[PDB]
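See below for the structure under consideration.
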């Protein structure tokens, strides 16, 4: 399961504006905690491809955000 970097506390995904493979997004989306294989900007959200079934994906099952 892939998906945006949804903040595990607020349920707010880390949204981009500049779509495609964002370098900054790559850093967070393909970060250690994330474990993803790819990190880019889908619909102004950090879409982490290669994501574990353990890594939460927007939106959170606790809280929602924009």
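Numbers in chain A come straight from Swiss-Prot, and the residues shown are 20-85, in order.
Header entry for method reads solution NMR.
Cβ from N, Cα, C; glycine included.
Per Swiss-Prot, the feature domain 'LCN-type CS-alpha/beta' maps to 20-85; the stated evidence is sequence analysis. Taken from Swiss-Prot, the feature disulfide bond applies to 31-84, 35-60, 44-65, 48-67, supported by sequence analysis.
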10 Å Cα neighbourhood of residue 48 (disulfide bond): matching disulfide-bonded residues from 31, 35, 84: none
Three-class DSSP secondary structure - residue 65 (disulfide bond): strand
Among 35, 48, the one of these disulfide-bonded residues whose Cβ has the fewest neighbouring Cβ atoms within 10 Å: 35
Cβ-Cβ distance under 8 Å to residue 84 (disulfide bond), same chain, at least six residues away: 25, 26, 29, 30, 31, 32, 78
Other CB atoms, at most 10 A from the CB of residue 31 (disulfide bond): 18
Of 60, 65 (the disulfide-bonded residues), the residue whose Cβ has the fewest other Cβ atoms within 10 Å: 60
Cβ-Cβ neighbours of residue 44 (disulfide bond) (radius 10 Å): 25
Cβ-Cβ distance under 8 Å to residue 67 (disulfide bond), same chain, at least six residues away: 21, 22, 23, 24, 48, 49, 53, 55, 57, 58, 74, 76
